[PDB]
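K.L.:
Below is the file work07.pdb, which contains PDB, C-alpha atoms and all ligand atoms.
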ATOM      1  CA  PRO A   1       7.855 -21.001 -58.375  1.00  0.00           C
ATOM      2  CA  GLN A   2       5.085 -19.188 -56.574  1.00  0.00           C
ATOM      3  CA  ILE A   3       5.971 -19.120 -52.930  1.00  0.00           C
ATOM      4  CA  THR A   4       3.298 -18.849 -50.321  1.00  0.00           C
ATOM      5  CA  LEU A   5       3.479 -16.492 -47.373  1.00  0.00           C
ATOM      6  CA  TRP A   6       1.532 -18.686 -45.050  1.00  0.00           C
ATOM      7  CA  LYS A   7       4.967 -19.806 -43.809  1.00  0.00           C
ATOM      8  CA  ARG A   8       8.412 -18.136 -43.850  1.00  0.00           C
ATOM      9  CA  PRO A   9       9.739 -18.061 -47.449  1.00  0.00           C
ATOM     10  CA  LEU A  10      12.833 -20.118 -46.851  1.00  0.00           C
ATOM     11  CA  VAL A  11      15.007 -21.422 -49.640  1.00  0.00           C
ATOM     12  CA  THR A  12      18.279 -23.287 -49.991  1.00  0.00           C
ATOM     13  CA  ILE A  13      21.258 -21.254 -51.070  1.00  0.00           C
ATOM     14  CA  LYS A  14      24.819 -22.135 -51.915  1.00  0.00           C
ATOM     15  CA  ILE A  15      27.455 -19.597 -50.898  1.00  0.00           C
ATOM     16  CA  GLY A  16      31.186 -20.088 -50.446  1.00  0.00           C
ATOM     17  CA  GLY A  17      30.812 -23.764 -51.142  1.00  0.00           C
ATOM     18  CA  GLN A  18      28.287 -24.115 -48.291  1.00  0.00           C
ATOM     19  CA  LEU A  19      24.566 -24.965 -48.362  1.00  0.00           C
ATOM     20  CA  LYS A  20      22.429 -22.801 -46.108  1.00  0.00           C
ATOM     21  CA  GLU A  21      18.776 -21.966 -45.556  1.00  0.00           C
ATOM     22  CA  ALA A  22      17.827 -18.341 -46.031  1.00  0.00           C
ATOM     23  CA  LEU A  23      14.768 -16.154 -45.925  1.00  0.00           C
ATOM     24  CA  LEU A  24      13.625 -14.367 -49.082  1.00  0.00           C
ATOM     25  CA  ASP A  25      13.187 -10.910 -47.625  1.00  0.00           C
ATOM     26  CA  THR A  26      11.625  -8.000 -49.537  1.00  0.00           C
ATOM     27  CA  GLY A  27      12.145  -5.770 -46.488  1.00  0.00           C
ATOM     28  CA  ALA A  28      15.920  -6.213 -46.547  1.00  0.00           C
ATOM     29  CA  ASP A  29      17.934  -3.879 -48.770  1.00  0.00           C
ATOM     30  CA  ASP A  30      20.967  -6.118 -48.546  1.00  0.00           C
ATOM     31  CA  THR A  31      21.804  -9.777 -48.138  1.00  0.00           C
ATOM     32  CA  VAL A  32      23.013 -10.802 -44.687  1.00  0.00           C
ATOM     33  CA  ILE A  33      24.540 -14.182 -43.837  1.00  0.00           C
ATOM     34  CA  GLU A  34      25.603 -15.652 -40.488  1.00  0.00           C
ATOM     35  CA  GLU A  35      29.326 -15.753 -39.772  1.00  0.00           C
ATOM     36  CA  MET A  36      31.367 -17.637 -42.323  1.00  0.00           C
ATOM     37  CA  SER A  37      34.568 -17.100 -44.236  1.00  0.00           C
ATOM     38  CA  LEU A  38      34.465 -15.704 -47.792  1.00  0.00           C
ATOM     39  CA  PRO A  39      37.447 -14.961 -50.067  1.00  0.00           C
ATOM     40  CA  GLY A  40      38.616 -11.504 -51.074  1.00  0.00           C
ATOM     41  CA  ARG A  41      38.494  -8.048 -49.740  1.00  0.00           C
ATOM     42  CA  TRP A  42      35.966  -6.751 -47.199  1.00  0.00           C
ATOM     43  CA  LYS A  43      35.192  -3.617 -45.290  1.00  0.00           C
ATOM     44  CA  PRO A  44      33.231  -2.981 -42.098  1.00  0.00           C
ATOM     45  CA  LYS A  45      29.633  -1.802 -42.114  1.00  0.00           C
ATOM     46  CA  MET A  46      26.828  -1.234 -39.598  1.00  0.00           C
ATOM     47  CA  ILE A  47      23.247  -2.251 -40.438  1.00  0.00           C
ATOM     48  CA  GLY A  48      20.151  -1.602 -38.425  1.00  0.00           C
ATOM     49  CA  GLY A  49      16.676  -2.921 -37.904  1.00  0.00           C
ATOM     50  CA  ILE A  50      14.409  -3.861 -35.043  1.00  0.00           C
ATOM     51  CA  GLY A  51      16.467  -4.060 -31.939  1.00  0.00           C
ATOM     52  CA  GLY A  52      19.238  -1.795 -33.276  1.00  0.00           C
ATOM     53  CA  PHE A  53      22.421  -2.276 -35.218  1.00  0.00           C
ATOM     54  CA  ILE A  54      24.955  -5.008 -35.832  1.00  0.00           C
ATOM     55  CA  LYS A  55      28.467  -4.798 -37.276  1.00  0.00           C
ATOM     56  CA  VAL A  56      29.033  -6.821 -40.439  1.00  0.00           C
ATOM     57  CA  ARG A  57      31.760  -7.424 -43.024  1.00  0.00           C
ATOM     58  CA  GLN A  58      30.865  -6.273 -46.532  1.00  0.00           C
ATOM     59  CA  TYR A  59      32.146  -8.579 -49.287  1.00  0.00           C
ATOM     60  CA  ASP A  60      31.568  -7.435 -52.875  1.00  0.00           C
ATOM     61  CA  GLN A  61      31.171  -9.548 -56.026  1.00  0.00           C
ATOM     62  CA  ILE A  62      30.108 -12.801 -54.320  1.00  0.00           C
ATOM     63  CA  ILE A  63      28.257 -15.472 -56.291  1.00  0.00           C
ATOM     64  CA  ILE A  64      25.262 -17.152 -54.610  1.00  0.00           C
ATOM     65  CA  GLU A  65      22.996 -19.836 -55.975  1.00  0.00           C
ATOM     66  CA  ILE A  66      19.437 -19.149 -54.691  1.00  0.00           C
ATOM     67  CA  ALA A  67      16.959 -21.974 -55.096  1.00  0.00           C
ATOM     68  CA  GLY A  68      18.994 -22.987 -58.168  1.00  0.00           C
ATOM     69  CA  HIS A  69      19.424 -19.531 -59.702  1.00  0.00           C
ATOM     70  CA  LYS A  70      22.873 -17.937 -59.801  1.00  0.00           C
ATOM     71  CA  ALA A  71      23.406 -14.308 -58.927  1.00  0.00           C
ATOM     72  CA  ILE A  72      26.273 -12.063 -57.967  1.00  0.00           C
ATOM     73  CA  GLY A  73      26.440  -9.132 -55.622  1.00  0.00           C
ATOM     74  CA  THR A  74      27.404  -7.805 -52.238  1.00  0.00           C
ATOM     75  CA  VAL A  75      27.025 -10.054 -49.215  1.00  0.00           C
ATOM     76  CA  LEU A  76      27.156  -8.842 -45.636  1.00  0.00           C
ATOM     77  CA  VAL A  77      28.459 -11.324 -43.054  1.00  0.00           C
ATOM     78  CA  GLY A  78      27.829 -10.985 -39.346  1.00  0.00           C
ATOM     79  CA  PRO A  79      25.810 -11.964 -36.278  1.00  0.00           C
ATOM     80  CA  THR A  80      22.353 -11.997 -37.873  1.00  0.00           C
ATOM     81  CA  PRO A  81      19.883 -14.321 -36.223  1.00  0.00           C
ATOM     82  CA  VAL A  82      18.673 -15.562 -39.654  1.00  0.00           C
ATOM     83  CA  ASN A  83      20.223 -15.717 -43.144  1.00  0.00           C
ATOM     84  CA  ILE A  84      18.521 -13.100 -45.305  1.00  0.00           C
ATOM     85  CA  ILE A  85      18.432 -12.780 -49.091  1.00  0.00           C
ATOM     86  CA  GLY A  86      17.741  -9.113 -49.642  1.00  0.00           C
ATOM     87  CA  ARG A  87      16.634  -7.051 -52.607  1.00  0.00           C
ATOM     88  CA  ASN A  88      20.114  -6.712 -54.073  1.00  0.00           C
ATOM     89  CA  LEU A  89      19.972 -10.433 -54.976  1.00  0.00           C
ATOM     90  CA  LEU A  90      16.209 -10.895 -55.250  1.00  0.00           C
ATOM     91  CA  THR A  91      16.186  -8.567 -58.258  1.00  0.00           C
ATOM     92  CA  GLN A  92      18.806 -10.705 -60.021  1.00  0.00           C
ATOM     93  CA  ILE A  93      16.679 -13.865 -59.857  1.00  0.00           C
ATOM     94  CA  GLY A  94      13.613 -11.923 -61.093  1.00  0.00           C
ATOM     95  CA  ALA A  95      11.659 -12.126 -57.854  1.00  0.00           C
ATOM     96  CA  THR A  96       8.460 -10.123 -57.573  1.00  0.00           C
ATOM     97  CA  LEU A  97       5.790  -9.700 -54.924  1.00  0.00           C
ATOM     98  CA  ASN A  98       2.291 -10.290 -56.490  1.00  0.00           C
ATOM     99  CA  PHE A  99      -1.190  -9.546 -55.179  1.00  0.00           C
TER     100      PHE A  99
ATOM    101  CA  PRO B 101       0.161  -5.624 -58.947  1.00  0.00           C
ATOM    102  CA  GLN B 102       3.444  -7.189 -59.693  1.00  0.00           C
ATOM    103  CA  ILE B 103       6.074  -5.384 -57.617  1.00  0.00           C
ATOM    104  CA  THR B 104       9.717  -5.589 -58.582  1.00  0.00           C
ATOM    105  CA  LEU B 105      12.413  -5.046 -56.003  1.00  0.00           C
ATOM    106  CA  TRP B 106      14.843  -2.569 -57.491  1.00  0.00           C
ATOM    107  CA  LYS B 107      13.555  -0.021 -55.000  1.00  0.00           C
ATOM    108  CA  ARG B 108      12.019  -0.570 -51.567  1.00  0.00           C
ATOM    109  CA  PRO B 109       8.419  -1.926 -51.849  1.00  0.00           C
ATOM    110  CA  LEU B 110       6.788   0.964 -50.112  1.00  0.00           C
ATOM    111  CA  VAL B 111       3.010   1.336 -50.164  1.00  0.00           C
ATOM    112  CA  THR B 112       0.382   3.517 -48.569  1.00  0.00           C
ATOM    113  CA  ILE B 113      -1.533   2.065 -45.658  1.00  0.00           C
ATOM    114  CA  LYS B 114      -4.593   3.499 -43.900  1.00  0.00           C
ATOM    115  CA  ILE B 115      -5.014   2.873 -40.207  1.00  0.00           C
ATOM    116  CA  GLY B 116      -7.068   4.892 -37.761  1.00  0.00           C
ATOM    117  CA  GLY B 117      -8.271   7.074 -40.710  1.00  0.00           C
ATOM    118  CA  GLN B 118      -4.684   8.163 -41.369  1.00  0.00           C
ATOM    119  CA  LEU B 119      -2.463   7.455 -44.330  1.00  0.00           C
ATOM    120  CA  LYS B 120       1.063   6.215 -43.606  1.00  0.00           C
ATOM    121  CA  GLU B 121       3.885   4.697 -45.633  1.00  0.00           C
ATOM    122  CA  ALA B 122       4.909   1.101 -44.973  1.00  0.00           C
ATOM    123  CA  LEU B 123       7.303  -1.505 -46.323  1.00  0.00           C
ATOM    124  CA  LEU B 124       6.025  -4.824 -47.656  1.00  0.00           C
ATOM    125  CA  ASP B 125       8.268  -7.255 -45.836  1.00  0.00           C
ATOM    126  CA  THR B 126       8.250 -10.952 -46.489  1.00  0.00           C
ATOM    127  CA  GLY B 127      11.011 -11.403 -43.891  1.00  0.00           C
ATOM    128  CA  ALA B 128       8.693 -10.161 -41.095  1.00  0.00           C
ATOM    129  CA  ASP B 129       6.327 -12.647 -39.551  1.00  0.00           C
ATOM    130  CA  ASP B 130       4.373  -9.746 -37.969  1.00  0.00           C
ATOM    131  CA  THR B 131       3.333  -6.216 -38.831  1.00  0.00           C
ATOM    132  CA  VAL B 132       5.088  -3.481 -36.809  1.00  0.00           C
ATOM    133  CA  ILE B 133       4.182   0.164 -36.928  1.00  0.00           C
ATOM    134  CA  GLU B 134       5.567   3.236 -35.247  1.00  0.00           C
ATOM    135  CA  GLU B 135       3.991   4.753 -32.094  1.00  0.00           C
ATOM    136  CA  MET B 136       0.331   5.686 -32.687  1.00  0.00           C
ATOM    137  CA  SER B 137      -3.027   5.499 -30.967  1.00  0.00           C
ATOM    138  CA  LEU B 138      -5.098   2.385 -31.524  1.00  0.00           C
ATOM    139  CA  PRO B 139      -8.392   1.398 -29.898  1.00  0.00           C
ATOM    140  CA  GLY B 140      -8.969  -1.370 -27.420  1.00  0.00           C
ATOM    141  CA  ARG B 141      -6.759  -3.453 -25.197  1.00  0.00           C
ATOM    142  CA  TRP B 142      -3.239  -4.536 -25.956  1.00  0.00           C
ATOM    143  CA  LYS B 143      -1.080  -7.431 -24.869  1.00  0.00           C
ATOM    144  CA  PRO B 144       2.663  -7.667 -24.494  1.00  0.00           C
ATOM    145  CA  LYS B 145       4.926  -9.239 -27.113  1.00  0.00           C
ATOM    146  CA  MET B 146       8.683  -9.611 -27.503  1.00  0.00           C
ATOM    147  CA  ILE B 147      10.015  -9.632 -31.063  1.00  0.00           C
ATOM    148  CA  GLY B 148      13.563 -10.319 -32.156  1.00  0.00           C
ATOM    149  CA  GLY B 149      14.923  -8.370 -35.055  1.00  0.00           C
ATOM    150  CA  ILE B 150      18.361  -8.081 -36.505  1.00  0.00           C
ATOM    151  CA  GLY B 151      19.701  -6.132 -33.526  1.00  0.00           C
ATOM    152  CA  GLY B 152      18.024  -7.978 -30.708  1.00  0.00           C
ATOM    153  CA  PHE B 153      14.722  -8.302 -28.867  1.00  0.00           C
ATOM    154  CA  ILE B 154      12.318  -5.470 -28.074  1.00  0.00           C
ATOM    155  CA  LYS B 155       8.967  -5.079 -26.376  1.00  0.00           C
ATOM    156  CA  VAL B 156       5.995  -4.015 -28.443  1.00  0.00           C
ATOM    157  CA  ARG B 157       2.276  -3.544 -27.875  1.00  0.00           C
ATOM    158  CA  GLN B 158       0.048  -6.133 -29.583  1.00  0.00           C
ATOM    159  CA  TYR B 159      -3.349  -4.907 -30.787  1.00  0.00           C
ATOM    160  CA  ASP B 160      -5.612  -7.579 -32.266  1.00  0.00           C
ATOM    161  CA  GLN B 161      -8.324  -7.264 -34.892  1.00  0.00           C
ATOM    162  CA  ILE B 162      -7.356  -3.815 -36.237  1.00  0.00           C
ATOM    163  CA  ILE B 163      -8.803  -2.522 -39.476  1.00  0.00           C
ATOM    164  CA  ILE B 164      -6.013  -1.625 -41.906  1.00  0.00           C
ATOM    165  CA  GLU B 165      -5.914  -0.938 -45.640  1.00  0.00           C
ATOM    166  CA  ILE B 166      -2.707  -1.957 -47.455  1.00  0.00           C
ATOM    167  CA  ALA B 167      -2.205  -0.594 -50.976  1.00  0.00           C
ATOM    168  CA  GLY B 168      -5.964  -0.384 -51.294  1.00  0.00           C
ATOM    169  CA  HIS B 169      -6.623  -3.930 -50.004  1.00  0.00           C
ATOM    170  CA  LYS B 170      -8.618  -4.349 -46.823  1.00  0.00           C
ATOM    171  CA  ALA B 171      -7.239  -6.359 -43.945  1.00  0.00           C
ATOM    172  CA  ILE B 172      -8.300  -6.851 -40.300  1.00  0.00           C
ATOM    173  CA  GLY B 173      -5.660  -8.316 -38.013  1.00  0.00           C
ATOM    174  CA  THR B 174      -2.873  -7.943 -35.544  1.00  0.00           C
ATOM    175  CA  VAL B 175      -0.742  -4.822 -35.428  1.00  0.00           C
ATOM    176  CA  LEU B 176       2.343  -4.473 -33.211  1.00  0.00           C
ATOM    177  CA  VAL B 177       3.207  -0.940 -32.103  1.00  0.00           C
ATOM    178  CA  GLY B 178       6.815  -0.116 -31.198  1.00  0.00           C
ATOM    179  CA  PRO B 179      10.175   1.311 -32.315  1.00  0.00           C
ATOM    180  CA  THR B 180      11.101   0.345 -35.909  1.00  0.00           C
ATOM    181  CA  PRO B 181      13.198   2.044 -38.614  1.00  0.00           C
ATOM    182  CA  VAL B 182      10.060   1.959 -40.867  1.00  0.00           C
ATOM    183  CA  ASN B 183       6.498   0.641 -40.672  1.00  0.00           C
ATOM    184  CA  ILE B 184       6.605  -2.995 -41.872  1.00  0.00           C
ATOM    185  CA  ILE B 185       3.750  -5.085 -43.222  1.00  0.00           C
ATOM    186  CA  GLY B 186       4.554  -8.676 -42.337  1.00  0.00           C
ATOM    187  CA  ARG B 187       3.201 -12.033 -43.424  1.00  0.00           C
ATOM    188  CA  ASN B 188       0.203 -11.945 -41.095  1.00  0.00           C
ATOM    189  CA  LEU B 189      -1.290  -9.209 -43.289  1.00  0.00           C
ATOM    190  CA  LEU B 190       0.466 -10.026 -46.576  1.00  0.00           C
ATOM    191  CA  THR B 191      -1.489 -13.312 -46.524  1.00  0.00           C
ATOM    192  CA  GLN B 192      -4.754 -11.406 -46.037  1.00  0.00           C
ATOM    193  CA  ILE B 193      -4.128  -9.352 -49.172  1.00  0.00           C
ATOM    194  CA  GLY B 194      -3.217 -12.432 -51.172  1.00  0.00           C
ATOM    195  CA  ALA B 195       0.465 -11.741 -51.685  1.00  0.00           C
ATOM    196  CA  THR B 196       2.941 -14.314 -52.966  1.00  0.00           C
ATOM    197  CA  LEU B 197       6.568 -14.269 -53.996  1.00  0.00           C
ATOM    198  CA  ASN B 198       7.246 -15.342 -57.576  1.00  0.00           C
ATOM    199  CA  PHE B 199      10.369 -16.074 -59.623  1.00  0.00           C
TER     200      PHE B 199
HETATM  201  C1  LIG A 201      20.829  -2.935 -45.155  1.00  0.00           C
HETATM  202  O1  LIG A 201      20.352  -4.273 -45.220  1.00  0.00           O
HETATM  203  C2  LIG A 201      19.530  -4.655 -44.229  1.00  0.00           C
HETATM  204  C3  LIG A 201      19.126  -6.009 -44.265  1.00  0.00           C
HETATM  205  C4  LIG A 201      18.256  -6.514 -43.331  1.00  0.00           C
HETATM  206  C5  LIG A 201      17.843  -5.710 -42.304  1.00  0.00           C
HETATM  207  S1  LIG A 201      16.620  -6.271 -41.144  1.00  0.00           S
HETATM  208  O2  LIG A 201      16.817  -7.704 -41.020  1.00  0.00           O
HETATM  209  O3  LIG A 201      16.680  -5.461 -39.981  1.00  0.00           O
HETATM  210  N1  LIG A 201      15.141  -6.012 -41.793  1.00  0.00           N
HETATM  211  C6  LIG A 201      14.816  -4.648 -42.127  1.00  0.00           C
HETATM  212  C7  LIG A 201      13.390  -4.171 -41.722  1.00  0.00           C
HETATM  213  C8  LIG A 201      13.252  -4.190 -40.214  1.00  0.00           C
HETATM  214  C9  LIG A 201      13.288  -2.757 -42.284  1.00  0.00           C
HETATM  215  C10 LIG A 201      14.534  -7.045 -42.617  1.00  0.00           C
HETATM  216  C11 LIG A 201      13.311  -7.679 -41.971  1.00  0.00           C
HETATM  217  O4  LIG A 201      12.623  -8.485 -42.966  1.00  0.00           O
HETATM  218  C12 LIG A 201      13.610  -8.558 -40.726  1.00  0.00           C
HETATM  219  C13 LIG A 201      14.311  -9.871 -41.039  1.00  0.00           C
HETATM  220  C14 LIG A 201      14.658 -10.627 -39.788  1.00  0.00           C
HETATM  221  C15 LIG A 201      13.863 -11.688 -39.353  1.00  0.00           C
HETATM  222  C16 LIG A 201      14.071 -12.258 -38.119  1.00  0.00           C
HETATM  223  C17 LIG A 201      15.126 -11.868 -37.295  1.00  0.00           C
HETATM  224  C18 LIG A 201      15.987 -10.874 -37.754  1.00  0.00           C
HETATM  225  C19 LIG A 201      15.740 -10.245 -38.990  1.00  0.00           C
HETATM  226  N2  LIG A 201      12.350  -8.910 -40.056  1.00  0.00           N
HETATM  227  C20 LIG A 201      11.934  -8.366 -38.928  1.00  0.00           C
HETATM  228  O5  LIG A 201      12.497  -7.508 -38.350  1.00  0.00           O
HETATM  229  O6  LIG A 201      10.742  -8.860 -38.512  1.00  0.00           O
HETATM  230  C21 LIG A 201      10.310  -8.413 -37.222  1.00  0.00           C
HETATM  231  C22 LIG A 201      11.102  -9.204 -36.194  1.00  0.00           C
HETATM  232  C23 LIG A 201      10.719 -10.656 -36.006  1.00  0.00           C
HETATM  233  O7  LIG A 201       9.459 -10.687 -35.324  1.00  0.00           O
HETATM  234  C24 LIG A 201       8.399 -10.846 -36.218  1.00  0.00           C
HETATM  235  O8  LIG A 201       8.426  -9.984 -37.321  1.00  0.00           O
HETATM  236  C25 LIG A 201       8.821  -8.647 -37.143  1.00  0.00           C
HETATM  237  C26 LIG A 201      18.347  -4.396 -42.138  1.00  0.00           C
HETATM  238  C27 LIG A 201      19.196  -3.916 -43.098  1.00  0.00           C
HETATM  239 CL    CL A 202      24.865  -5.808 -54.841  1.00  0.00          CL
HETATM  240 CL    CL A 203      12.908  -6.747 -63.729  1.00  0.00          CL
HETATM  241 CL    CL A 204      -3.274 -11.223 -37.867  1.00  0.00          CL
HETATM  242 NA    NA A 205      35.106  -9.266 -53.416  1.00  0.00          NA
HETATM  243 NA    NA A 206      -2.935   4.171 -27.039  1.00  0.00          NA
END
Give the structure from this file in structure tokens form.
P.N.:
Amino acid sequence: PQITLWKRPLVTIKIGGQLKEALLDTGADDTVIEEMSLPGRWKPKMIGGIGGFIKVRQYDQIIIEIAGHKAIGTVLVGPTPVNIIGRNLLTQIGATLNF
Amino acid sequence: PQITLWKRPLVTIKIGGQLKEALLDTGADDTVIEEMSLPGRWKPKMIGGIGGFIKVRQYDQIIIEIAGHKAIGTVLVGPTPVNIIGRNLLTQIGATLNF
């Protein structure tokens, strides 16, 4: 699809057996999801943006279905105010910004 | 152009006769740039990023070139890890997300 930017570019994702809404975010290096459990190993990380930093858990090799398209990569889990699909997964679904 | 997302989507902007680097950010409703001098009056705005809420200065109707494309619109001035071009100006330059 061609997604407009007149509104937030929100899509449905499936992660850890759960459906969630998330923002397609070209400004995000990494994918960040609100608190949830995921299986496997994790390690702590700090990520920063407007307003400063939050502590997250870094889970590697997580599959996420994004608007119907599967992709695997690292997912950060923590107290983000919005679920964010970042570049690490946007590349894997072939997303581009066009103008 | 068609911009892929394997690296950060950084572009040159021109504001106030000066060239700066900025990030094309579909996850940002608004455009936020680092401390600089802009003409005219400003109004207060609170914006909430990943780390919390901050105060910024809102300047309306500012001339700004984004990757060679002219725009005239609202610019927020305040502390940010990088200048971000949000949807208010991405729509003016005709950007969409595609996959
Ligand atoms: C390392 O991976 C990262 C992933 C995401 C972020 S971020 O969420 O902080 N962010 C980075 C950007 C500030 C460089 C992505 C943004 O797209 C962020 C995404 C976002 C959106 C809403 C709330 C929290 C985060 N948007 C944002 O800050 O927009 C501001 C703040 C909102 O006000 C209106 O727009 C301006 C930081 C690190
Ligand atoms: Cl990854
Ligand atoms: Cl590609
Ligand atoms: Cl505007
Ligand atoms: Na893992
Ligand atoms: Na000033």
K.L.:
So how many Å separate atom CA of residue A:31 and atom CA of residue A:1, to one decimal?
P.N.:
20.6 Å
K.L.:
Report as a list in words the residues that result from applying the PyMOL selection byres ((chain B) within 6 of (chain A and not hetatm)) to the structure here.
P.N.:
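Checking the PyMOL selection byres ((chain B) within 6 of (chain A and not hetatm)) against this file, the residues are residues 101, 102, 103, 104, 105, 125, 126, 127, 149, 150, 151, 152, 153, 154, 180, 187, 191, 194, 195, 196, 197, 198 and 199 of chain B.
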K.L.:
On this structure, the PyMOL selection byres (((not hetatm)) within 8 of (chain A and resi 202)) would catch which residues? List them as a PyMOL selection string, sorted by chain and number.
P.N.:
chain A and resi 30+60-61+72-75+88-89
K.L.:
Put those residues in a file: C-alpha atoms, as a short mmCIF file (atom, residue, chain, number, x, y, z; two decimals), keeping the file's coordinate frame.
P.N.:
data_model
loop_
_atom_site.label_atom_id
_atom_site.label_comp_id
_atom_site.auth_asym_id
_atom_site.auth_seq_id
_atom_site.Cartn_x
_atom_site.Cartn_y
_atom_site.Cartn_z
CA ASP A 30 20.97 -6.12 -48.55
CA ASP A 60 31.57 -7.44 -52.88
CA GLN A 61 31.17 -9.55 -56.03
CA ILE A 72 26.27 -12.06 -57.97
CA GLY A 73 26.44 -9.13 -55.62
CA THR A 74 27.40 -7.80 -52.24
CA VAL A 75 27.02 -10.05 -49.22
CA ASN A 88 20.11 -6.71 -54.07
CA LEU A 89 19.97 -10.43 -54.98
#
K.L.:
Please measure the separation of atom CA of residue B:146 and atom CA of residue B:178, giving the value in Å to one decimal.
P.N.:
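Rounded to one decimal, the two atoms are 10.4 Å apart.
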K.L.:
Do you know which residues the PyMOL selection byres (((chain A and resi 12) around 6) and not hetatm) returns on this file, as number ranges by chain?
P.N.:
A: 11, 13, 20-21, 67
K.L.:
Measure the distance from atom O3 of ligand LIG 201 (chain A) to atom CA of residue B:145 in Å and round it to one decimal.
P.N.:
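Computed distance, atom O3 of ligand LIG 201 (chain A) to atom CA of residue B:145, equals 17.8 Å.
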K.L.:
Centre and edge lengths, as lines of an AutoDock Vina configuration file, for the axis-aligned box enclosing every listed atom of stretch 69-88 of chain A with 6 Å of padding on each of the six sides, in Å to one decimal?
P.N.:
center_x = 22.5
center_y = -13.1
center_z = -48.0
size_x = 23.8
size_y = 24.8
size_z = 35.6
K.L.:
Residues at most 6 Å from residue A:42, counting all atoms listed in the file, excluding those fewer than 6 positions away in the same chain, as an NGL selection string?
P.N.:
:A and (57-59)
K.L.:
For ligand NA 206 (chain A), which residue among B:183, B:171, B:135, B:165 is the nearest when counting all atoms listed in the file?
P.N.:
B:135
K.L.:
Counting only C-alpha atoms and all ligand atoms, figure out which residue out of B:163, B:176, B:136, B:119 gets nearest to ligand LIG 201 (chain A).
P.N.:
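Selected residue with least distance to ligand LIG 201 (chain A): B:176.
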K.L.:
Which residues are near ligand NA 206 (chain A) - at most 8 Å, using all atoms listed in the file? Format: as a list in words.
P.N.:
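Here is the list of contacting residues: residues 136, 137, 138 and 139 of chain B.
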K.L.:
Of the residues B:115, B:133, B:162, B:156, which is the one nearest to ligand CL 204 (chain A), using only C-alpha atoms and all ligand atoms?
P.N.:
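Closest residue, counting only C-alpha atoms and all ligand atoms: B:162.
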K.L.:
Under the rule that all atoms listed in the file are counted, which of A:16, A:66, A:41, A:77 is the nearest residue to ligand NA 205 (chain A)?
P.N.:
A:41
